[PDB]
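In this analysis, Cβ positions are derived from the backbone assuming ideal geometry, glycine residues included, and neighbour counts consider all displayed protein chains. Readers should treat all values here as calculations from the given coordinates under stated rules, not as data from a laboratory.
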Amino acid sequence: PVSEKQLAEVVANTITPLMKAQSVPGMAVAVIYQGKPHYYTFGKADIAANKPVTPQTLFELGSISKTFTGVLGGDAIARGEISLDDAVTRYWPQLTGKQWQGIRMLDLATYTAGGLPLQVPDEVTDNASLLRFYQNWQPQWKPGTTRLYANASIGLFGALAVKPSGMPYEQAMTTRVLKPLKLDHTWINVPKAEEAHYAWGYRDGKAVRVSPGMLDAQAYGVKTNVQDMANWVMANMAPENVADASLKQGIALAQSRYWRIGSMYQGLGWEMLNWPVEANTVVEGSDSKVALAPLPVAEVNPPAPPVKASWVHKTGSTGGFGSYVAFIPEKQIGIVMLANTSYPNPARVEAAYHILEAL
């Protein structure tokens, strides 16, 4: 049974050399081992103000925000409010272009609509321009044939998934997901009273924070601390412990397997590989060259329910932040790495695999 002081040793020996090689200002780390969350903090949250990183320090999750979007969407399906096979036009009737015919909610959620772009153009600033962007979009591929990771895709999924609730995205997310799991320090909009905890991200010696953007909340705008994130991983790793029924099923639906892309499977927000897996496979798959590339998919119909023998993970970044989350349900172990500088994905995955290897 790994000793507590042995776990502390492993973490330090992997993280300190990482921060020195990658010039990382600060980092909060959480390792889940045998039903227990272990926190480790390093460096500075604010270089100028010389504020240290603490368990209450808030970091920008960037794309890991998509795991929340997927679970919220999952909860909505579990309630009967939406169906994955539903047409997108059912929820947004103004989307009249013929190219939208045949596109389902599943496609928006899993990046298989046919080439929706990585980013929403900054030229888009309101409902009118947002509608125009989608009406004029010309697909490169037919639906359900190619996966192309994109904010413009799952971003719209989240915006539409909450319409039946009648609540605004931020409210739906707080009342159906955050409050039930007691994630009291997870925000889309950081309150005045909590700003003292919001770290600064760094890029090229400059201090930056994420900028407002269309569909930002649904695709990359969540901020949180290592504690709420640790409890987020535990809720997803062991969903039987979740009290609310729709939420519990929502989490199962987000970890289901809808498509196979080589050795990886696409869930709602979450990405999975079968466990056991070699390090090289997870690491090279995380490189922008593969991760952002368009690749062919194989449909998993019926969708396969959650497989415990899986490596479930998600990378996430913003201009000045770099984060990573990974867990293996069968072994009940997980890891959270939040940093205030965006360093290469491969280096993040390698560090996490090494640490989980010692458990």
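Observations on the structure shown:
- Estimated 222 nm signal from helices in the chain, with DSSP H stretches of n ≥ 4 weighted -39500 (n - 2.57), rounded to 500: -9000 deg cm²/dmol
- Around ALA45: net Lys/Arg minus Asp/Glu count, Cβ-Cβ under 15 Å: 0
- Taking the number of Cβ atoms within 10 Å of each Cβ as an exposure proxy, the fewest-first ranking of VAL277, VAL162, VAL233 is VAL277, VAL233, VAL162.
- Straight-distance crosslink candidates among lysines, where the alpha carbon sits under 23 Å from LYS44 and sequence neighbours closer than 8 are dropped: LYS20, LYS192, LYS206, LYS223
- Using alpha-carbon coordinates, inclination of helix 226-237 to the longest axis of the chain, degrees: 60
- Take the Cβ atoms of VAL208 and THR54, set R0 to 25 Å, and the FRET efficiency comes out at 0.75.
- Shown in residue order for region 291-296 are the 3J(HN,Hα) couplings computed by the Karplus curve 6.51 cos²θ - 1.76 cosθ + 1.60 at θ = phi - 60°: 4, 9, 7, x, 9, x Hz (x for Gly and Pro).
- Taking a sphere under 13 Å around the Cβ of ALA217 and counting the other residues whose Cβ falls inside, with K and R at +1 and D and E at -1, yields a net charge of -1.
- Choice from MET237, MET337, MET214 with maximal GNM fluctuation in the chain (Cα, 10 Å cutoff): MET214
- Unit charges on C-beta of K, R, D, E only; dipole of region 61-146, Debye: 220
- Site pair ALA279 and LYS20 shows an inter-label distance of 1.8 nm when each label is modelled 7 Å from Cα along Cα→Cβ.
- Charge dipole of region 1-144 about the Cα centre (unit charges at C-beta), most positive-ward option of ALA109, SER63, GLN6: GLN6
- Size descriptor, Kirkwood hydrodynamic radius, that averages inverse alpha-carbon separations across the chain, Å: 20.6
- Dipole in debye (nearest 20) - region 1-86, about Cα centre, beta carbon charges: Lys, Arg +1; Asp, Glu -1: 480
- Arranged from fewest to most other beta-carbon atoms within 10 Å of their beta carbon, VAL124, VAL222 become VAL124, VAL222.
- Cα-derived Rg over Rh, computed across region 1-100 with Rh taken as Kirkwood radius: 1.20
- Selection from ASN345, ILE32, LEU215, by position along the positive dipole direction of the chain (Cβ): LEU215
- Cα lying deepest toward the dipole's positive end in the chain, options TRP200, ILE333, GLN138, charges on Cβ: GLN138
- The chain - percent relative contact order, Cα under 8 Å, separation 6 or more: 26
- Length gained when the stretch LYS36-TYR343 is fully extended (0.36 nm per residue, less Cα-Cα span): 107.7 nm
- Model label zone, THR96; criterion: amide N under 11 Å from point 7 Å along Cα-to-beta-carbon; scope region 102-138: none
- Per-pair calculated FRET efficiency, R0 = 51 Å: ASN136 and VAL2 via Cβ, rounded to 0.05: 0.35
- For region 104-135 and region 152-179, distance of Cα centres in Å: 16
- The distance linking region 203-222 with region 1-23 is 29 Å (Cα centroid to Cα centroid, whole angstrom).
- Straight-line cross-link reach from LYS289 at under 17 Å between alpha-carbon atoms covers these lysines, not counting any fewer than eight positions away in the same chain: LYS314.
- Among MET173, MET264, the order by Cβ neighbours within 10 angstrom, fewest to most, reads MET264, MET173.
- Using θ = phi - 60° and Karplus 6.51 cos²θ - 1.76 cosθ + 1.60, couplings along region 263-274 (whole Hz; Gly, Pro as x): 9, 10, 10, 9, x, 8, x, 5, 10, 9, 10, 5
- Net charge over other residues, Cβ less than 15 angstrom from the Cβ of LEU131 (K, R count +1; D, E count -1): 0
- Max mean-square fluctuation residue, GNM over the chain, Cα-Cα springs under 10 Å, options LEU131, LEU116, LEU58: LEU131
- Angle of helix 345-357 to the longest C-alpha principal axis of the chain, folded into 0 to 90 degrees and rounded to 10: 60°.
- Dipole magnitude for the chain: computed about the Cα centre from +1 point charges on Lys and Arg Cβ and -1 point charges on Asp and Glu Cβ, it is near 160 debye.
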